[PDB]
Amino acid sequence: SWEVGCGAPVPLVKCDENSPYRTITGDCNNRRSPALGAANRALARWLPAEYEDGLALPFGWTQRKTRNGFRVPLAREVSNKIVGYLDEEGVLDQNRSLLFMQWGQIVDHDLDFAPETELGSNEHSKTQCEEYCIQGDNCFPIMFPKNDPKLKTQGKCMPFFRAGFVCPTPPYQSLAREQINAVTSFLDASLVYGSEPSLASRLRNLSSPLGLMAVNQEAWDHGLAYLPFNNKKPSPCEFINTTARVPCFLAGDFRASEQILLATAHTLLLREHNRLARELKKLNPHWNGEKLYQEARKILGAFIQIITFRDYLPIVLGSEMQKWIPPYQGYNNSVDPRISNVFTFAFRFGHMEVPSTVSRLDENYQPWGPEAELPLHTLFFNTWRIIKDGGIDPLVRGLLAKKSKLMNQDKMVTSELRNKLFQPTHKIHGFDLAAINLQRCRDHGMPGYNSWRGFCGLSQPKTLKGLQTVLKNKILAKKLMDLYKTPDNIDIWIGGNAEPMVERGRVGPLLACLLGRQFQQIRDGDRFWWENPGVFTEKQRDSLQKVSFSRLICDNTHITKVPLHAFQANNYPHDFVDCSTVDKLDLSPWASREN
C-alpha cells in the first residue's frame, strides 16, 4: 500500500526480499509499503498541521493575524521570562550521569533530521537575512523583544531559516506543508553508516577486503582510530580556532560535531565497528569484504536498540513505561514505523539536561590539567580539543563521573545554550536554542499545547487557576498566562516541558505519552528488531543480551575503571570496578561450518 504522496526526490531501488541485511536508505524494510520508514521522505503527521494560512505560513509570520484571538508572543520573549535563569548551583540531577543526556542525543539523531532548505551557497539570500532581518520566503527571523540585552550587542534579530519540505525544494506544491526527515526511522545506527548509498560508501575502506570503515590517517589516539576529517572546505571546526585549523569529522550523520561530547560518542561507535570486523574475520577467514561490513553493522545495530530500550527509556519514561510500551510480541506489518513531526519536538526535553560545563579527568578520575572544566559554549564544533589535547579517554571519563542537569521549573535551559549557541553557517557565539526550538514549532506547524493534552487523553486547562493545577505551580502558571493569553496557545515544547515530572521518570504526562507511543512504533514496526524471530539466532540473541555501554567503553579505550550502571549517578572509586570484571560480547555463535 505504498505510492501517492509525491514521487519526490527519493533515489529508486529494487528490493532483494531475501537479503538478511537492512538497506542503507531504509527502503524495503516493509514488504507491502517499501518506502514506509525510508530516509528523505515526509515526517509523519499524527494530527493536522496548524499554519496561519492553513497551508504553509507559520503562526507569528503575519503580525496582525491572531491565534484563537490573541497574538503569539515572540519566541525570544518566552525564552527570557520563562526559560533562562542565573544561579547554576543546586541544579544537577543527583541520580543521572552526563551520559544520560548524551545517549539521548545519539538516539534523537539516529531517528530524525529535518535539515534547512539550502538553495544557497553563492546566493545573497544567505545574507539578506543575517544583515537586515527582512522576513520573506525561507527566512523567518527571531526578532528581539524590547529590553533584551542582545539588542545592544548582536543586532535586531537572530537569523533563522524554515525547514526543508517534501516534494520540491524551492517554492511549493498544492496541499499542506510537510517537513523532511533526511534519515531513517528505524533504530539502525544510521548515524554511523550514513543514510544515502553515496555517503555510505565514502565512509568505507574499500581498498582492503577486511570490511573496515575508513579511519583517519593524519592522527591517532594511542594506536586507536579517529573518525576521518571532512573534505568540504568552508569548515566551522577550523573557524573556532584558525590557528590549529583542524576540520570537523566525517561520519554517517552531519551533526556529528555540534559538540565535543557528541563526536566523542561517535568515535566510540566507529571503533567497535572495525573491532567487530577484525574479530569476525578471524572466526570466518573465508568471509569477504561485503560480508564482514554487513554482519558487523548488523551487530552494532542490535547493540543500540538494546542499550536504548533496556537501559535508557525506563529512566526517561519512568513509571509510565509499561503503559505505553508493553512487552514485545513480534513483528507487526500494520504499524507505521515513521517518525512523527511532533516527536522531534517532544524529544527535545533533553535540552534542559545539558549542563553548563564539561570536564576532563585523568586516570585517577581527577582533574586533567589546569583548565579541565571548560564552559559548555566553548565546545561547539570543537575538534582540536580532542585531536590536539588529550584524546577521547579524558572526555569519556567525564561522561561517567559527572552528572546531568535536572529539569527544574524555576531553571530550564542553560545560558550556555540559551545565549551562546554556535551555528555552523554563521560566526558569533550568540544564538538561543530555546527561541530556535520555539520558532521551529511554529515553522513545523505544531498544534497548541491543548490539542496534545487531548490527544493523550489528559485534562485541558482553560483558566489561570486551571493551569496552576496541571503545572502545580502558581508563578509559572501566571507568567505562562500573561504571555500566551490562553492555554490553547502554549507551544508544545515549553508547554510539555513545564508539567512536573512523573514518578521515577524525567519527563511528565504529556511527553511520556508522546515519546512512549513513538518508541513503541519503531520497535513494533521494524522487520529487523533484534528480538524478532529470524533476524538473529536463538544463540546469538543470548550473547547480545549481555552487551553494556560499560563494556563498549572497555574494549574501545584505555579506561580500566568503569561503573556497572553507566546511566545512574555513580561516584569514584566506590561505584567503579575493573574492566576484567565485565561481561563480554561473545561472537562465537557467528561462526559458519561449511560442511
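Residues carry their position along the shown sequence, with the first being 1. Each form is matched to the other, and the largest set of C-alpha atoms that superpose within 1.5 Å is called the rigid core.
**Student:** Out of 166-174 and 213-221, which shows the greater rigid core-aligned C-alpha deviation in 9 other deposited structures of this protein?
**Tutor:** Checking 166-174 against 213-221 in 9 other deposited structures of this protein, I find the farther stretch is 166-174.
**Student:** Superpose on the core, then say which of 119-127 and 199-207 ends up with the larger RMS Cα offset from this form in 9 other deposited structures of this protein.
**Tutor:** If we average over structures and residues in 9 other deposited structures of this protein, the farther stretch is 119-127.
**Student:** Tell me which of 275-283 and 464-472 has the higher mean C-alpha B-factor in the deposited entry.
**Tutor:** That would be 275-283.
**Student:** Mean C-alpha B-factor higher for 47-55, or for 539-547?
**Tutor:** On average, C-alpha B-factors are higher across 539-547.
**Student:** Which of these, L262, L374, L433, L175, has its C-alpha atom at the highest B-factor, as the entry lists it?
**Tutor:** Across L262, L374, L433, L175, the entry lists the biggest C-alpha B-factor for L175.
**Student:** Pick out which of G120, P355, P337, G495 has the highest C-alpha B-factor in the PDB entry.
**Tutor:** Of the candidates given, the C-alpha B-factor peaks at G120.
**Student:** Ordered by C-alpha B-factor within the chain, which third holds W384? Give me lowest, middle or highest, please.
**Tutor:** CA B-factor rank for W384: middle third.
**Student:** Which third of the chain does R204 land in by C-alpha B-factor: lowest, middle or highest?
**Tutor:** According to the entry, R204 has a C-alpha B-factor in the chain's highest third.
**Student:** Give the position of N40 by CA B-factor within its chain, expressed as the lowest, middle or highest third.
**Tutor:** CA B-factor rank for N40: lowest third.
**Student:** Splitting the chain's C-alpha B-factors into thirds, which one does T344 fall into?
**Tutor:** Tercile = lowest for this residue's CA B-factor.
**Student:** With respect to C-alpha B-factor, does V78 fall in the lowest, middle or highest third of the chain as deposited?
**Tutor:** Lowest third.
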